[PDB]
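**Q** First the structure, which I've put down as structure tokens, then a few questions once you've had a look.
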Amino acid sequence: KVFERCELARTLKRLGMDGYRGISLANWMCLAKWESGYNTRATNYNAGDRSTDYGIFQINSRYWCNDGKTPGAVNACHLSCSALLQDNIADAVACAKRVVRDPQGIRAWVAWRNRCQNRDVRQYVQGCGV
Ligand code: NA
């Protein structure tokens, strides 16, 4: 599924993302926009290290979900990577929450540093009623 902006923002608020481990909803929105374009079925193979990024938050198979074909990988969210390609984003959000519980937080995603950090991210939630 490809979410519309405000539809996602309302969804993430209901799922308790606003202010999770210190991260405002507008930041999660900026992350999803730059990682996947709000697309749950997005995948990106990384040829360099044989890992894959899965779903709306482009969560990596080396550390967070199991896809069986990543060498030396762990499965910190305790999920098949498949779970992160559903239209329903409950499991993806729970895994995102797990990612940010590590010391790096939201900095775990290089896209967030490039595109979101120190920016005016208000635009991603404006007019959405959240
Ligand atoms: Na894994």
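Chains: A, B, ... in order of the structure tokens. Residues: from 1 per chain. Ligands: from 1, in order shown.
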Write out as a PDB file with C-alpha atoms, in the first residue's frame which residues come within 7 Å of residue 64 (chain A) when counting only C-alpha atoms, dropping same-chain ones fewer than 6 positions away.
**A**
ATOM      1  CA  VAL A  74      20.351 -11.127  13.710  1.00  0.00           C
ATOM      2  CA  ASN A  75      16.638 -10.725  14.183  1.00  0.00           C
ATOM      3  CA  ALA A  76      16.130  -8.124  16.958  1.00  0.00           C
ATOM      4  CA  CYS A  77      12.440  -7.455  16.216  1.00  0.00           C
TER       5      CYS A  77
END
**Q** For residue 22 (chain A), list every protein, DNA or RNA residue within 10 Å, evaluated using only C-alpha atoms, and leave out those in the same chain fewer than 5 positions away; present the list as a list in words.
**A**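 Counting only C-alpha atoms, the residues come to residues 17, 100, 105 and 106 of chain A.
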**Q** Go ahead and dump the residues you just picked, N, CA and C atoms, as a tab-separated table (two decimals), in the first residue's frame.
**A**
chain	number	residue	atom	x	y	z
A	17	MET	N	3.35	6.65	18.08
A	17	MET	CA	4.67	7.12	17.66
A	17	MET	C	5.02	8.54	18.07
A	100	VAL	N	14.80	2.31	17.68
A	100	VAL	CA	15.12	3.57	18.37
A	100	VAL	C	15.42	3.42	19.87
A	105	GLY	N	19.25	5.87	18.53
A	105	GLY	CA	17.89	6.34	18.22
A	105	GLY	C	17.60	6.45	16.74
A	106	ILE	N	16.92	7.53	16.36
A	106	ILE	CA	16.51	7.84	14.99
A	106	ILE	C	17.71	8.03	14.05
**Q** Could you pull out the residues sitting within 9 Å of ligand 1, using only C-alpha atoms and all ligand atoms, and write them as a ChimeraX atom specification?
**A** /A:51,60-76,78-81
**Q** So, counting only C-alpha atoms, which residue among A:15, A:92, A:25, A:30 is closest to residue 112 (chain A)?
**A**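 Once distances to residue 112 (chain A) are computed over only C-alpha atoms, the minimum belongs to A:30.
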**Q** Any chance you could list, as a ChimeraX atom specification, the residues in region 12-117 of chain A that come up strand (DSSP E or B) when DSSP is run on the backbone?
**A** /A:20,23,39,43-46,51-54,59-60,66,80
**Q** Export N, CA, C and O atoms of the chosen residues as a PDB file, in the first residue's frame?
**A**
ATOM      1  N   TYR A  20       7.731   9.081  20.856  1.00  0.00           N
ATOM      2  CA  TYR A  20       8.339   7.813  21.276  1.00  0.00           C
ATOM      3  C   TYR A  20       9.856   7.937  21.416  1.00  0.00           C
ATOM      4  O   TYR A  20      10.520   8.342  20.498  1.00  0.00           O
ATOM      5  N   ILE A  23      11.007  11.162  19.942  1.00  0.00           N
ATOM      6  CA  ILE A  23      10.933  11.478  18.512  1.00  0.00           C
ATOM      7  C   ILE A  23       9.538  11.934  18.149  1.00  0.00           C
ATOM      8  O   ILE A  23       8.588  11.174  18.258  1.00  0.00           O
ATOM      9  N   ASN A  39       5.525   3.854   1.147  1.00  0.00           N
ATOM     10  CA  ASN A  39       5.208   2.586   0.455  1.00  0.00           C
ATOM     11  C   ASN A  39       5.595   1.358   1.279  1.00  0.00           C
ATOM     12  O   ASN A  39       6.791   1.087   1.476  1.00  0.00           O
ATOM     13  N   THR A  43      11.226  -2.622  -1.205  1.00  0.00           N
ATOM     14  CA  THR A  43      12.459  -3.306  -0.831  1.00  0.00           C
ATOM     15  C   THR A  43      13.638  -2.727  -1.619  1.00  0.00           C
ATOM     16  O   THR A  43      13.478  -2.215  -2.749  1.00  0.00           O
ATOM     17  N   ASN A  44      14.809  -2.817  -0.999  1.00  0.00           N
ATOM     18  CA  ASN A  44      16.087  -2.381  -1.556  1.00  0.00           C
ATOM     19  C   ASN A  44      17.171  -3.359  -1.119  1.00  0.00           C
ATOM     20  O   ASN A  44      17.524  -3.409   0.066  1.00  0.00           O
ATOM     21  N   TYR A  45      17.653  -4.157  -2.075  1.00  0.00           N
ATOM     22  CA  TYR A  45      18.810  -5.030  -1.890  1.00  0.00           C
ATOM     23  C   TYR A  45      20.064  -4.149  -1.806  1.00  0.00           C
ATOM     24  O   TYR A  45      20.224  -3.225  -2.610  1.00  0.00           O
ATOM     25  N   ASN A  46      20.938  -4.413  -0.823  1.00  0.00           N
ATOM     26  CA  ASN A  46      22.223  -3.731  -0.746  1.00  0.00           C
ATOM     27  C   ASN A  46      23.295  -4.721  -1.159  1.00  0.00           C
ATOM     28  O   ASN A  46      23.740  -5.553  -0.339  1.00  0.00           O
ATOM     29  N   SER A  51      22.631  -7.600   2.507  1.00  0.00           N
ATOM     30  CA  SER A  51      21.445  -7.352   3.313  1.00  0.00           C
ATOM     31  C   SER A  51      20.364  -6.653   2.474  1.00  0.00           C
ATOM     32  O   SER A  51      20.658  -6.110   1.419  1.00  0.00           O
ATOM     33  N   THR A  52      19.117  -6.663   2.964  1.00  0.00           N
ATOM     34  CA  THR A  52      17.960  -6.005   2.320  1.00  0.00           C
ATOM     35  C   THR A  52      17.204  -5.111   3.319  1.00  0.00           C
ATOM     36  O   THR A  52      17.022  -5.467   4.498  1.00  0.00           O
ATOM     37  N   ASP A  53      16.779  -3.940   2.825  1.00  0.00           N
ATOM     38  CA  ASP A  53      15.888  -3.029   3.539  1.00  0.00           C
ATOM     39  C   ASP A  53      14.399  -3.275   3.181  1.00  0.00           C
ATOM     40  O   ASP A  53      14.039  -3.342   1.991  1.00  0.00           O
ATOM     41  N   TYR A  54      13.558  -3.413   4.219  1.00  0.00           N
ATOM     42  CA  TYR A  54      12.165  -3.834   4.043  1.00  0.00           C
ATOM     43  C   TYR A  54      11.117  -2.828   4.511  1.00  0.00           C
ATOM     44  O   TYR A  54      11.085  -2.427   5.696  1.00  0.00           O
ATOM     45  N   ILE A  59      13.619  -1.070   6.983  1.00  0.00           N
ATOM     46  CA  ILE A  59      14.291  -1.665   8.108  1.00  0.00           C
ATOM     47  C   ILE A  59      15.213  -2.768   7.556  1.00  0.00           C
ATOM     48  O   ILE A  59      14.799  -3.560   6.748  1.00  0.00           O
ATOM     49  N   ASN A  60      16.449  -2.808   8.041  1.00  0.00           N
ATOM     50  CA  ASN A  60      17.481  -3.695   7.528  1.00  0.00           C
ATOM     51  C   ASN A  60      17.491  -5.093   8.092  1.00  0.00           C
ATOM     52  O   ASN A  60      17.397  -5.269   9.304  1.00  0.00           O
ATOM     53  N   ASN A  66      14.427 -11.374  10.177  1.00  0.00           N
ATOM     54  CA  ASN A  66      15.060 -12.529   9.533  1.00  0.00           C
ATOM     55  C   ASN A  66      14.535 -12.784   8.139  1.00  0.00           C
ATOM     56  O   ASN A  66      13.336 -13.001   7.978  1.00  0.00           O
ATOM     57  N   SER A  80       9.762 -12.302  10.833  1.00  0.00           N
ATOM     58  CA  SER A  80      10.141 -12.590   9.473  1.00  0.00           C
ATOM     59  C   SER A  80      10.120 -11.239   8.764  1.00  0.00           C
ATOM     60  O   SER A  80       9.234 -10.419   9.020  1.00  0.00           O
TER      61      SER A  80
END
**Q** Might you pull out every residue within 12 Å of residue 7 (chain A), with only C-alpha atoms counted and same-chain residues fewer than 2 positions away left off, and present them as a ChimeraX atom specification?
**A** /A:1-5,9-14,29,38,124-125,127-130
**Q** Save the residues we just selected, N, CA, C and O atoms, as a PDB file, in the first residue's frame?
**A**
ATOM      1  N   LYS A   1       0.860  -1.219   0.000  1.00  0.00           N
ATOM      2  CA  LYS A   1       0.000   0.000   0.000  1.00  0.00           C
ATOM      3  C   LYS A   1       0.881   1.250   0.000  1.00  0.00           C
ATOM      4  O   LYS A   1       1.970   1.285   0.631  1.00  0.00           O
ATOM      5  N   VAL A   2       0.414   2.272  -0.708  1.00  0.00           N
ATOM      6  CA  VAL A   2       1.056   3.567  -0.678  1.00  0.00           C
ATOM      7  C   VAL A   2       0.140   4.512   0.101  1.00  0.00           C
ATOM      8  O   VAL A   2      -0.923   4.871  -0.391  1.00  0.00           O
ATOM      9  N   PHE A   3       0.554   4.908   1.305  1.00  0.00           N
ATOM     10  CA  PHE A   3      -0.212   5.865   2.140  1.00  0.00           C
ATOM     11  C   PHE A   3      -0.238   7.277   1.555  1.00  0.00           C
ATOM     12  O   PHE A   3       0.725   7.730   0.958  1.00  0.00           O
ATOM     13  N   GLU A   4      -1.346   7.969   1.769  1.00  0.00           N
ATOM     14  CA  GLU A   4      -1.420   9.403   1.591  1.00  0.00           C
ATOM     15  C   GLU A   4      -0.832  10.010   2.846  1.00  0.00           C
ATOM     16  O   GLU A   4      -0.900   9.406   3.914  1.00  0.00           O
ATOM     17  N   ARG A   5      -0.200  11.169   2.714  1.00  0.00           N
ATOM     18  CA  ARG A   5       0.432  11.858   3.846  1.00  0.00           C
ATOM     19  C   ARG A   5      -0.361  11.868   5.169  1.00  0.00           C
ATOM     20  O   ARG A   5       0.096  11.277   6.165  1.00  0.00           O
ATOM     21  N   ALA A   9      -0.073   9.914   8.987  1.00  0.00           N
ATOM     22  CA  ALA A   9       0.208  10.687  10.171  1.00  0.00           C
ATOM     23  C   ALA A   9      -0.820  10.309  11.230  1.00  0.00           C
ATOM     24  O   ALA A   9      -0.479  10.119  12.375  1.00  0.00           O
ATOM     25  N   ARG A  10      -2.084  10.178  10.834  1.00  0.00           N
ATOM     26  CA  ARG A  10      -3.107   9.767  11.796  1.00  0.00           C
ATOM     27  C   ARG A  10      -2.873   8.353  12.264  1.00  0.00           C
ATOM     28  O   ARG A  10      -3.024   8.073  13.436  1.00  0.00           O
ATOM     29  N   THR A  11      -2.467   7.482  11.347  1.00  0.00           N
ATOM     30  CA  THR A  11      -2.187   6.095  11.681  1.00  0.00           C
ATOM     31  C   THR A  11      -1.076   5.949  12.710  1.00  0.00           C
ATOM     32  O   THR A  11      -1.203   5.162  13.657  1.00  0.00           O
ATOM     33  N   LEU A  12       0.005   6.699  12.522  1.00  0.00           N
ATOM     34  CA  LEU A  12       1.171   6.628  13.405  1.00  0.00           C
ATOM     35  C   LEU A  12       0.914   7.183  14.794  1.00  0.00           C
ATOM     36  O   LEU A  12       1.440   6.660  15.792  1.00  0.00           O
ATOM     37  N   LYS A  13       0.068   8.205  14.858  1.00  0.00           N
ATOM     38  CA  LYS A  13      -0.358   8.782  16.127  1.00  0.00           C
ATOM     39  C   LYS A  13      -1.161   7.777  16.924  1.00  0.00           C
ATOM     40  O   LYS A  13      -0.993   7.674  18.109  1.00  0.00           O
ATOM     41  N   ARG A  14      -2.070   7.078  16.263  1.00  0.00           N
ATOM     42  CA  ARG A  14      -2.888   6.096  16.944  1.00  0.00           C
ATOM     43  C   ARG A  14      -2.014   4.948  17.436  1.00  0.00           C
ATOM     44  O   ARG A  14      -2.341   4.273  18.413  1.00  0.00           O
ATOM     45  N   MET A  29       7.432  10.861  10.186  1.00  0.00           N
ATOM     46  CA  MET A  29       6.926  11.134   8.842  1.00  0.00           C
ATOM     47  C   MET A  29       8.025  11.436   7.829  1.00  0.00           C
ATOM     48  O   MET A  29       8.032  10.863   6.732  1.00  0.00           O
ATOM     49  N   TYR A  38       6.325   6.529   1.631  1.00  0.00           N
ATOM     50  CA  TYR A  38       5.119   5.996   2.273  1.00  0.00           C
ATOM     51  C   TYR A  38       4.605   4.661   1.695  1.00  0.00           C
ATOM     52  O   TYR A  38       3.403   4.344   1.822  1.00  0.00           O
ATOM     53  N   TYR A 124       5.469  18.013   7.069  1.00  0.00           N
ATOM     54  CA  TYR A 124       5.028  16.634   6.904  1.00  0.00           C
ATOM     55  C   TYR A 124       3.733  16.332   7.641  1.00  0.00           C
ATOM     56  O   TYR A 124       2.989  15.463   7.192  1.00  0.00           O
ATOM     57  N   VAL A 125       3.463  17.035   8.751  1.00  0.00           N
ATOM     58  CA  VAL A 125       2.185  16.888   9.478  1.00  0.00           C
ATOM     59  C   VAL A 125       1.146  18.050   9.356  1.00  0.00           C
ATOM     60  O   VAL A 125       0.037  17.963   9.895  1.00  0.00           O
ATOM     61  N   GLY A 127      -1.820  20.404   8.589  1.00  0.00           N
ATOM     62  CA  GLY A 127      -3.180  20.193   8.102  1.00  0.00           C
ATOM     63  C   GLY A 127      -3.757  18.802   8.288  1.00  0.00           C
ATOM     64  O   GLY A 127      -4.839  18.536   7.770  1.00  0.00           O
ATOM     65  N   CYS A 128      -3.068  17.909   9.016  1.00  0.00           N
ATOM     66  CA  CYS A 128      -3.504  16.512   9.094  1.00  0.00           C
ATOM     67  C   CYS A 128      -4.403  16.212  10.287  1.00  0.00           C
ATOM     68  O   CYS A 128      -4.951  15.109  10.385  1.00  0.00           O
ATOM     69  N   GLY A 129      -4.536  17.184  11.190  1.00  0.00           N
ATOM     70  CA  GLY A 129      -5.393  17.039  12.352  1.00  0.00           C
ATOM     71  C   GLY A 129      -4.789  16.175  13.425  1.00  0.00           C
ATOM     72  O   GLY A 129      -5.523  15.559  14.211  1.00  0.00           O
ATOM     73  N   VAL A 130      -3.463  16.128  13.493  1.00  0.00           N
ATOM     74  CA  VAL A 130      -2.797  15.344  14.547  1.00  0.00           C
ATOM     75  C   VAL A 130      -2.149  16.270  15.576  1.00  0.00           C
ATOM     76  O   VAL A 130      -1.900  17.453  15.315  1.00  0.00           O
TER      77      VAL A 130
END
**Q** Mind pulling up the distance from CA of residue 103 (chain A) to CA of residue 85 (chain A)?
**A**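 Answer for the CA of residue 85 (chain A) to CA of residue 103 (chain A) separation: 26.1 Å.
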**Q** Just the number, please: distance in Å from CA of residue 87 (chain A) to CA of residue 41 (chain A), one decimal.
**A**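 Between these atoms lies a distance of 7.7 Å.
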**Q** Here is a test: counting only C-alpha atoms, which residue of A:47, A:32, A:42, A:84 is nearest to residue 116 (chain A)?
**A**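 Looking at the shortest contact to residue 116 (chain A), the residue is A:32.
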**Q** Which polymer residues have any atom within 12 Å of an atom of residue 117 (chain A), counting only C-alpha atoms, with same-chain residues fewer than 3 positions away left out, as a list in words?
**A** residues 23, 24, 26, 27, 28, 30, 31, 106, 107, 109, 110, 111, 112, 113, 114, 120 and 121 of chain A
**Q** What does the structure give for the distance between CA of residue 104 (chain A) and CA of residue 83 (chain A), in Å to one decimal?
**A** 23.8 Å
